[PDB]
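Note sheet for the following structure.
There are 4 protein chains.
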Amino acid sequence: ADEXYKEXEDXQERXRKXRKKXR
Amino acid sequence: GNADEXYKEXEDXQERXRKXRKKXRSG
Amino acid sequence: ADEXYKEXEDXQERXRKXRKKXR
Amino acid sequence: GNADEXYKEXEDXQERXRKXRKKXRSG
């Protein structure tokens, strides 16, 4: 989990920014 | 609507990642 | 890796289907 | 174009997952 946090947080952030573009 | 179905799918993908992450964190 | 394969394969497939919808 | 930038972003997300998975598999 510790080694995957940064990668998975970045993926969560990328999806969050994409959702905001649809608005 | 295509845009509405896209928006709902993106919201569902965000939630799928949240649940995957919650499972890895716990534990 | 063994325990995450099914989850990550499903995520890869979901993105693949979404890309196909844009066509 | 919005649709073109969306398509490119989705292609890039697919690739980001492929590279993440390749890193976990190797090893």
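Line order of the protein sequences matches chains A, B, C and D. Using this note's numbering, the first residue of the first sequence is number 8, and each one after it goes up by one. Using this note's numbering, the first residue of the second sequence is number 1135, and each one after it goes up by one. Using this note's numbering, the first residue of the third sequence is number 8, and each one after it goes up by one. Using this note's numbering, the first residue of the fourth sequence is number 1135, and each one after it goes up by one. From the three backbone atoms N, C-alpha and C, an ideal C-beta is built for every residue, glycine too.
{"Query": "If you reduce the DSSP assignment to three classes, tell me which class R26 of chain C lands in.", "Result": "helix"}
{"Query": "Determine the chain F residues that contact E1145 of chain D at a beta-carbon separation under 8 Å, and present them in chain order.", "Result": "The structure shown contains no chain F; its protein chains are A, B, C and D."}
{"Query": "Roughly how many angstroms lie between the CA atoms of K1142 of chain D and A8 of chain A, to the nearest whole one?", "Result": "30 Å"}
{"Query": "Once the 5 residues before and after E1149 of chain D are set aside, which same chain residues still bring their CB inside 8 Å of it?", "Result": "none"}
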